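Here's the structure, in structure tokens; my notes come after.
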């Protein structure tokens, strides 16, 4: 069992930057993988960024070159750096996790955060 | 000089840098009165926000065309335009932190254009910069003197600390015009920089600075 608690969202002006964070607690599986998803009003949830235990990353085409997913293992914290944000980035962001098989190479993550509102204006 | 540097001038600034490996970019717009020595700027963190370190180490890198000079002290840095000038700066902080800065100043289509690169290294992770425990700069006196075909400045620059006390840097800067213009003799510049407003995480910040030159002692 893993628990995920997100922070760092809120309001931001277009063209600015913010950084979401999430703390993982519990007993993590081997080859622990984490990711960020998002969902805007009236739309389906979509993968934003995934990070494998060995450092591989995958990004949605709409955020490539602007967003970066990274980890501080000593703090059990994963990050979503969001640069040059635009109106299309407004959504509820969710952190998710699992292992390589369920959450990096497939979109079947086992564990989910509570969701954090980001609103760009 | 007085024809191209008007009594009111705007500027635009771009900074890219890293502090203890944390990368960021800032874009800013400023304005002021170059002959009266006053100016303001609004800065926005476009990449890497929020910064996990004190804004105060960045604020002195955002404008030497705006220094009030007496008539008998050549205003070397105003004389450098429209081509402009460049500067190189090392800040050695008293706990080992080091900030290096390079900057290009030019006049383009009626506005000053500033491009800054900054690298901060060696800041202790529990010190006041990385823990965001600084509370602004005290007034400074920059000792100016000509040397090796350029204008040198030296400052014992002092930050206030949130829980009491202060935190110093030894600062040395070389300012060099892109074309040979008249260098002054030795003199001092009195400077005060204030943070006038900021959002909660310092990704939008406004600054004000007054600077005036005068004869040594």
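Couple of notes before you dig in:
- Residue in the stretch A:65-77 that is over 14 Å from the mean Cα position of the chain (by Cα), closer than 20 Å to residue B:49 by Cβ and part of a loop (DSSP other than H, G, I, E, B) present: yes
- For the stretch A:1-46, a residue qualifies if it is within 14 Å of chain B (Cβ to nearest Cβ), more than 13 Å from residue A:80 (Cβ to Cβ) and part of a loop (DSSP other than H, G, I, E, B), and the qualifying residues are A:13, A:14, A:15, A:16.
- Total residues in the stretch B:1-26 satisfying the condition of being over 20 Å from residue B:213 (Cβ atoms) and within 15 Å of the chain's Cα centre (by Cα): the figure is 7.
- If you go through the stretch B:171-205 and keep only what is closer than 16 Å to residue B:58 by Cα, surrounded by fewer than 17 Cβ atoms within 10 Å (Cβ to Cβ) and within 14 Å of the chain's Cα centre (by Cα), you end up with B:172, B:192, B:194, B:195.
- For the stretch B:19-34, filtering for residues that are surrounded by fewer than 19 Cβ atoms within 10 Å (Cβ to Cβ) and either more than 13 Å from chain A (Cβ to nearest Cβ) or not in a strand (DSSP E or B) (or both) leaves 4.
- Out of B:64, B:6, one residue alone is closer than 20 Å to residue B:142 by Cβ and away from chain A (no Cβ under 14 Å). It is B:64.
- Checked against the criterion of being surrounded by 20 or more Cβ atoms within 10 Å (Cβ to Cβ) and in contact with a helix residue (DSSP H, G or I) (Cβ under 6 Å, 6 or more places away or on another chain), the candidates B:45, B:67, B:116 yield just one match: B:116.
- Every pair of residues 6+ apart whose Cβ atoms lie under 8 Å, when the first sits in the stretch A:72-88 and is away from chain B (no Cβ under 11 Å) and at positive phi while the second is surrounded by 15 or more Cβ atoms within 10 Å (Cβ to Cβ) and assigned to a strand (DSSP E or B): A:76/A:23; A:76/A:24
Residue-by-condition table, conditions (1) in contact with a strand residue (DSSP E or B) (Cβ under 7 Å, 6 or more places away or on another chain); (2) under 25 Å from residue A:10 (Cα atoms):
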residue	(1), (2)
A:49	yes, yes
A:63	yes, yes
A:68	yes, yes
A:75	no, yes
A:80	yes, yes
A:88	no, yes
A:94	yes, yes
A:98	yes, no
A:102	no, no
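Backbone-built Cβ (ideal geometry, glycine too); neighbour counts: all protein chains shown. Quick note: the coordinates plus some simple rules give every number you see, no bench work behind them.
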